[PDB]
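Structure data (PDB, C-alpha atoms) from input_26.pdb:
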MODEL        1
ATOM      1  CA  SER L   1      95.002  85.416 113.354  1.00  0.00           C
ATOM      2  CA  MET L   2      91.859  83.194 113.646  1.00  0.00           C
ATOM      3  CA  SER L   3      88.818  85.352 114.632  1.00  0.00           C
ATOM      4  CA  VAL L   4      91.218  88.399 115.021  1.00  0.00           C
ATOM      5  CA  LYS L   5      91.133  90.961 112.259  1.00  0.00           C
ATOM      6  CA  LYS L   6      92.296  94.529 111.642  1.00  0.00           C
ATOM      7  CA  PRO L   7      89.433  96.857 110.704  1.00  0.00           C
ATOM      8  CA  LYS L   8      88.157  96.299 107.058  1.00  0.00           C
ATOM      9  CA  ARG L   9      89.748  98.838 104.560  1.00  0.00           C
ATOM     10  CA  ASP L  10      87.141  99.630 101.833  1.00  0.00           C
ATOM     11  CA  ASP L  11      88.539  98.091  98.595  1.00  0.00           C
ATOM     12  CA  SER L  12      85.211  98.351  96.628  1.00  0.00           C
ATOM     13  CA  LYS L  13      86.497 101.235  94.457  1.00  0.00           C
ATOM     14  CA  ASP L  14      90.009  99.839  93.783  1.00  0.00           C
ATOM     15  CA  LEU L  15      89.075  98.375  90.351  1.00  0.00           C
ATOM     16  CA  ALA L  16      87.690 101.680  89.140  1.00  0.00           C
ATOM     17  CA  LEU L  17      90.500 103.686  90.575  1.00  0.00           C
ATOM     18  CA  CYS L  18      93.268 101.405  89.041  1.00  0.00           C
ATOM     19  CA  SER L  19      91.399 101.808  85.687  1.00  0.00           C
ATOM     20  CA  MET L  20      91.609 105.569  85.978  1.00  0.00           C
ATOM     21  CA  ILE L  21      95.290 105.531  86.791  1.00  0.00           C
ATOM     22  CA  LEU L  22      95.920 103.226  83.829  1.00  0.00           C
ATOM     23  CA  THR L  23      93.894 105.648  81.577  1.00  0.00           C
ATOM     24  CA  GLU L  24      96.140 108.473  82.645  1.00  0.00           C
ATOM     25  CA  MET L  25      99.284 106.410  81.974  1.00  0.00           C
ATOM     26  CA  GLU L  26      97.845 105.404  78.512  1.00  0.00           C
ATOM     27  CA  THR L  27      97.304 109.054  77.530  1.00  0.00           C
ATOM     28  CA  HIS L  28     100.654 110.463  78.741  1.00  0.00           C
ATOM     29  CA  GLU L  29     102.751 111.704  75.822  1.00  0.00           C
ATOM     30  CA  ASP L  30     105.723 109.487  76.880  1.00  0.00           C
ATOM     31  CA  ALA L  31     103.608 106.308  76.950  1.00  0.00           C
ATOM     32  CA  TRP L  32     104.468 105.295  73.309  1.00  0.00           C
ATOM     33  CA  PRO L  33     107.206 102.725  74.219  1.00  0.00           C
ATOM     34  CA  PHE L  34     104.776 100.932  76.623  1.00  0.00           C
ATOM     35  CA  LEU L  35     101.383 100.877  74.772  1.00  0.00           C
ATOM     36  CA  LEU L  36     101.836  97.492  73.085  1.00  0.00           C
ATOM     37  CA  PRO L  37     103.883  94.378  73.698  1.00  0.00           C
ATOM     38  CA  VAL L  38     107.507  94.541  72.434  1.00  0.00           C
ATOM     39  CA  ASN L  39     107.599  92.560  69.110  1.00  0.00           C
ATOM     40  CA  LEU L  40     109.710  89.535  70.041  1.00  0.00           C
ATOM     41  CA  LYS L  41     110.244  88.547  66.384  1.00  0.00           C
ATOM     42  CA  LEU L  42     111.655  91.982  65.505  1.00  0.00           C
ATOM     43  CA  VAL L  43     113.687  93.033  68.555  1.00  0.00           C
ATOM     44  CA  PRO L  44     116.833  90.956  68.863  1.00  0.00           C
ATOM     45  CA  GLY L  45     117.667  89.894  72.405  1.00  0.00           C
ATOM     46  CA  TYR L  46     114.312  90.811  74.027  1.00  0.00           C
ATOM     47  CA  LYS L  47     112.834  87.355  74.238  1.00  0.00           C
ATOM     48  CA  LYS L  48     115.883  85.801  75.923  1.00  0.00           C
ATOM     49  CA  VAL L  49     116.742  88.660  78.209  1.00  0.00           C
ATOM     50  CA  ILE L  50     113.322  89.851  79.472  1.00  0.00           C
ATOM     51  CA  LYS L  51     111.804  86.928  81.199  1.00  0.00           C
ATOM     52  CA  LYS L  52     108.392  88.518  81.911  1.00  0.00           C
ATOM     53  CA  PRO L  53     107.401  91.061  79.191  1.00  0.00           C
ATOM     54  CA  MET L  54     104.620  93.499  80.256  1.00  0.00           C
ATOM     55  CA  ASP L  55     102.951  96.493  78.606  1.00  0.00           C
ATOM     56  CA  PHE L  56      99.921  98.794  79.167  1.00  0.00           C
ATOM     57  CA  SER L  57      97.594  96.919  76.743  1.00  0.00           C
ATOM     58  CA  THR L  58      98.282  93.597  78.521  1.00  0.00           C
ATOM     59  CA  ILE L  59      97.635  95.252  81.905  1.00  0.00           C
ATOM     60  CA  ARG L  60      94.400  96.702  80.502  1.00  0.00           C
ATOM     61  CA  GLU L  61      93.210  93.289  79.316  1.00  0.00           C
ATOM     62  CA  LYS L  62      94.190  91.644  82.654  1.00  0.00           C
ATOM     63  CA  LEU L  63      92.351  94.410  84.570  1.00  0.00           C
ATOM     64  CA  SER L  64      89.173  94.192  82.451  1.00  0.00           C
ATOM     65  CA  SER L  65      88.942  90.397  82.819  1.00  0.00           C
ATOM     66  CA  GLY L  66      89.444  90.043  86.590  1.00  0.00           C
ATOM     67  CA  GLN L  67      92.960  88.717  86.507  1.00  0.00           C
ATOM     68  CA  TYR L  68      94.261  91.085  89.281  1.00  0.00           C
ATOM     69  CA  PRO L  69      93.296  89.692  92.701  1.00  0.00           C
ATOM     70  CA  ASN L  70      94.078  92.955  94.447  1.00  0.00           C
ATOM     71  CA  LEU L  71      95.517  96.467  93.864  1.00  0.00           C
ATOM     72  CA  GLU L  72      99.100  95.322  94.742  1.00  0.00           C
ATOM     73  CA  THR L  73      99.254  92.743  91.947  1.00  0.00           C
ATOM     74  CA  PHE L  74      98.200  95.603  89.612  1.00  0.00           C
ATOM     75  CA  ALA L  75     101.090  97.869  90.851  1.00  0.00           C
ATOM     76  CA  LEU L  76     103.559  94.962  90.439  1.00  0.00           C
ATOM     77  CA  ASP L  77     102.742  94.677  86.672  1.00  0.00           C
ATOM     78  CA  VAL L  78     102.949  98.457  86.173  1.00  0.00           C
ATOM     79  CA  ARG L  79     106.405  98.472  87.883  1.00  0.00           C
ATOM     80  CA  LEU L  80     107.437  95.450  85.769  1.00  0.00           C
ATOM     81  CA  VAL L  81     106.869  97.546  82.647  1.00  0.00           C
ATOM     82  CA  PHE L  82     109.461 100.073  83.953  1.00  0.00           C
ATOM     83  CA  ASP L  83     111.894  97.513  85.339  1.00  0.00           C
ATOM     84  CA  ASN L  84     111.913  95.802  81.985  1.00  0.00           C
ATOM     85  CA  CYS L  85     112.512  99.124  80.254  1.00  0.00           C
ATOM     86  CA  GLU L  86     115.513  99.877  82.537  1.00  0.00           C
ATOM     87  CA  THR L  87     116.908  96.404  81.936  1.00  0.00           C
ATOM     88  CA  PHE L  88     116.961  96.828  78.119  1.00  0.00           C
ATOM     89  CA  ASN L  89     117.424 100.548  77.429  1.00  0.00           C
ATOM     90  CA  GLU L  90     120.234 102.931  78.276  1.00  0.00           C
ATOM     91  CA  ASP L  91     119.255 105.773  80.702  1.00  0.00           C
ATOM     92  CA  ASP L  92     120.475 108.257  78.075  1.00  0.00           C
ATOM     93  CA  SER L  93     117.959 107.263  75.311  1.00  0.00           C
ATOM     94  CA  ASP L  94     114.498 108.482  74.463  1.00  0.00           C
ATOM     95  CA  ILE L  95     112.941 105.214  75.661  1.00  0.00           C
ATOM     96  CA  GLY L  96     115.155 105.093  78.774  1.00  0.00           C
ATOM     97  CA  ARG L  97     114.056 108.619  79.771  1.00  0.00           C
ATOM     98  CA  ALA L  98     110.427 107.805  78.914  1.00  0.00           C
ATOM     99  CA  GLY L  99     110.534 104.924  81.378  1.00  0.00           C
ATOM    100  CA  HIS L 100     111.910 107.033  84.216  1.00  0.00           C
ATOM    101  CA  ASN L 101     109.334 109.775  83.554  1.00  0.00           C
ATOM    102  CA  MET L 102     106.400 107.313  83.490  1.00  0.00           C
ATOM    103  CA  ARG L 103     107.519 105.525  86.649  1.00  0.00           C
ATOM    104  CA  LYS L 104     107.569 108.866  88.491  1.00  0.00           C
ATOM    105  CA  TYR L 105     104.162 109.792  87.116  1.00  0.00           C
ATOM    106  CA  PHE L 106     102.751 106.416  88.195  1.00  0.00           C
ATOM    107  CA  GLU L 107     104.240 106.461  91.722  1.00  0.00           C
ATOM    108  CA  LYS L 108     102.733 109.865  92.472  1.00  0.00           C
ATOM    109  CA  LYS L 109      99.287 108.876  91.300  1.00  0.00           C
ATOM    110  CA  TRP L 110      99.585 105.655  93.269  1.00  0.00           C
ATOM    111  CA  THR L 111     100.518 107.456  96.558  1.00  0.00           C
ATOM    112  CA  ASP L 112      97.893 110.195  96.072  1.00  0.00           C
ATOM    113  CA  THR L 113      95.094 107.750  95.294  1.00  0.00           C
ATOM    114  CA  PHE L 114      95.811 105.013  97.874  1.00  0.00           C
ATOM    115  CA  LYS L 115      98.334 106.234 100.623  1.00  0.00           C
TER
ENDMDL
END

I need this file expressed as structure tokens, please.
Amino acid sequence: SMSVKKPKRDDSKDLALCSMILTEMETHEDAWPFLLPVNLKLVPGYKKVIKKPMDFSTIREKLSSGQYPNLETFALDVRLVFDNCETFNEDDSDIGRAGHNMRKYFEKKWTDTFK
């Protein structure tokens, strides 16, 4: 509360560390469905159904331009990428499996880097 604060967690490396995680997600072999925004002119139903499209290139641009206020807003966009994927793709599809694999990969890096 006013003049009463928990000890200051060092967040000075968060930007660099989120960048490194995102590099590792970008270079994973199952990243291909997530590298670029879904083409809303060419994928029937996507625009209406997926209210907040997100992809790795959009996260990279947001990260590089200071549009994440803190490391949690960064994790929320990464998770959005996989939540969107689950919303639109059957579990038993290449893209559906890709999304589950990448979410697992992300969550482990996230825990090991920050928890």

Residues within 12 Å of residue 17 in chain L, only C-alpha atoms, excluding chain neighbours under 2 positions, as an mmCIF file with C-alpha atoms, in the frame of the given file:
data_model
loop_
_atom_site.group_PDB
_atom_site.id
_atom_site.type_symbol
_atom_site.label_atom_id
_atom_site.label_comp_id
_atom_site.auth_asym_id
_atom_site.auth_seq_id
_atom_site.Cartn_x
_atom_site.Cartn_y
_atom_site.Cartn_z
ATOM 1 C CA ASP L 11 88.539 98.091 98.595
ATOM 2 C CA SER L 12 85.211 98.351 96.628
ATOM 3 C CA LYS L 13 86.497 101.235 94.457
ATOM 4 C CA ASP L 14 90.009 99.839 93.783
ATOM 5 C CA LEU L 15 89.075 98.375 90.351
ATOM 6 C CA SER L 19 91.399 101.808 85.687
ATOM 7 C CA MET L 20 91.609 105.569 85.978
ATOM 8 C CA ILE L 21 95.290 105.531 86.791
ATOM 9 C CA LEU L 22 95.920 103.226 83.829
ATOM 10 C CA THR L 23 93.894 105.648 81.577
ATOM 11 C CA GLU L 24 96.140 108.473 82.645
ATOM 12 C CA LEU L 63 92.351 94.410 84.570
ATOM 13 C CA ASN L 70 94.078 92.955 94.447
ATOM 14 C CA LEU L 71 95.517 96.467 93.864
ATOM 15 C CA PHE L 74 98.200 95.603 89.612
ATOM 16 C CA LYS L 109 99.287 108.876 91.300
ATOM 17 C CA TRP L 110 99.585 105.655 93.269
ATOM 18 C CA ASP L 112 97.893 110.195 96.072
ATOM 19 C CA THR L 113 95.094 107.750 95.294
ATOM 20 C CA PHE L 114 95.811 105.013 97.874
#

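Note that the spacing between CA of residue 64 in chain L and CA of residue 78 in chain L amounts to 14.9 Å.
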
- Contacts of residue 88 in chain L at 12 Å or less, counting all atoms listed in the file, minus same-chain residues fewer than 3 places along, as a list in words?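 The residues that qualify are residues 38, 43, 44, 45, 46, 47, 48, 49, 50, 51, 53, 81, 82, 83, 84, 85, 91, 92, 93, 95, 96 and 99 of chain L.
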
- Query: Which is closest to residue 33 in chain L among L:89, L:65, L:111, L:1, if we use all atoms listed in the file?
  - Reply: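 Of L:89, L:65, L:111, L:1, the one nearest residue 33 in chain L, counting all atoms listed in the file, is L:89.
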
- Message: Taking all atoms listed in the file into account, name the residue in L:39, L:34, L:94, L:106 that is nearest to residue 57 in chain L.
- Response: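 Checking each candidate against residue 57 in chain L, we get L:34 as the closest.
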